[PDB]
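A lone chain, given as C-alpha cells: the form deposited in one PDB entry.
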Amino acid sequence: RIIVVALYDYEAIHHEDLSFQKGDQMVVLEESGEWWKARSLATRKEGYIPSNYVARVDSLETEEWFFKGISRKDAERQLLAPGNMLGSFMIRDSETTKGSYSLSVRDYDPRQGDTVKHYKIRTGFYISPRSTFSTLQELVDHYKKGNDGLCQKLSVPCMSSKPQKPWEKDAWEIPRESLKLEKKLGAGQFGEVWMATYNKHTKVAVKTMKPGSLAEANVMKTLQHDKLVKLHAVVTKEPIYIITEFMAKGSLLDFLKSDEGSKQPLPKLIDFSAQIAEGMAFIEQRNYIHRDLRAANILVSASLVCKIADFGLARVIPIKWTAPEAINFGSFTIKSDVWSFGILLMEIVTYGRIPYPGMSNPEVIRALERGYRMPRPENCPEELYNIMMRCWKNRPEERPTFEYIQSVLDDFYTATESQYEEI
C-alpha cells in the first residue's frame, strides 16, 4: 500500500486524469512512468496523475527546502532567479558525491555581487564536525538561527517552480484534427512555425514541413534534456507536423537583438553559453549530432532558459557557422558542432551580430584558408575568446569536448578550489 502527497496543484484537462491540490494524499494503484494511476483520499476518485507532481509521504521531496535531481549550477541558477533574497537556501543531491547531500545558500560580496555558495553535507548529518544533527531538518533549523560558520544565515527556502505537465499518454503520433494552428510565428524555405493548441487544452508550437523536404524523429524523442526543446508529438501525413513545447521568448538571436536582451549583462550571456554547452554536452554523450548550431536554432523560455532546437533535423533534409572540413569535404561531426559553438559564442557575446561582418561566404572560406579568425570584441573577455579560438582549430580532433567547454563555462567566475566551501 503506497501513499503519495501532491507537491503542486493540478487541474485535469484529459478524460481520465485527476484534479488535485497541494497537500492532498493519494493511493498509488499503478506506476506506468510519467502517468500514475491513483485514488485521491479527498475526492475518492480514481484516475491518472502526473508522477512528477507527487511523492511518498514524509519523504525528502515533500520538504520545501529539498530539491531532488538538481546540479550545482542548476541550484545556482534557481537561487539567483527572481523572487529570492539573501540567505535563500536549498538542500539537494550531491552530483559529485552520490548518496549524500549538499546545501546551497545565497550570499553577497561587493566584488561579485549576489552569489551562491555550496557546502557539503556529510553523514546523522553535519557540515562542520563540531555540530552534528540527527536529521537534515535539525540542520536547517540550526543554521536558520545564526550562521555558526556559514557565509550566510538561512532565511527562506528557494522559490520552487511548477514542472511541465506530461504529454498525453501514448500520444506520439497524433491526428492533425487535434491541432489548431493559431498564429504563424515564422516562415522559411523548408516550412513554417506556428503557435498552436492541442485538443483545446494545451498550448504548443508546431513546425510544419513542406512535402518536398520519422525514424530520425523517433530517435530525437529519446534525447530528453532540460536544455533541449521537448519534442511532444508528430503528424505522420504530409505535410509533416512536428509538435514541440512553446518557448515564450522565441529564438536566442532575436532575444539578443531585443531590448531586454540588450539589457543582459556579460555574466548572463556567459550563462546562456553554459546552458547551450550543457545541452550540446548531452547530445555529445548520446553520440548524436546537431549539424546546424547557431543562435537562430537556440530558443529561449520565459524564464530565460536556453534550449537547443532543430537538432539532427538538418540531416533528414550557413557557411559562417560551418567548420572548414564540413564545407570542403562534407565531414559533419561533433567537432564541427564545436566550431559552430565557437561561432555561436561570438554571436552571443556580440548580442546577435552576424559573423564576419562585411564578408561574403566565399570570401569567408578563402579567409579560413589563410588561417583567418574573427577578432576579439571590446566587451569580450580574453579567456572566452581563447575558448572560441580553441573551438576554431583546423584539426577537428584537436578541438575541445562539449563536456570540457561546459565545465569551463559553468565555473567561469569560480576558481576550482572555491566550488565548495569547507567549514
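Here the rigid core means the biggest group of C-alpha atoms that line up within 1.5 Å when the two forms are laid on top of each other. Residue numbers here begin at 1 and follow the sequence given.
This protein has a second form, the form deposited in another entry, left out of what is shown; the following refers to that one.
Q: Where among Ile354, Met389, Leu29, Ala367 does the Cα move by 2 Å or more between the shown form and the other one after the core is superposed?
A: That would be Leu29.
Q: Aligning on the core only, does the CA of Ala38 end up 2 angstroms or more away between the shown form and the other one?
A: Yes, shifts by 2 Å or more.
Q: Given that the CA-CA distance for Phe67 and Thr416 shifts by 3 Å or more in the other form, does it become closer or farther?
A: More distant in the other form, by 3 Å or more.
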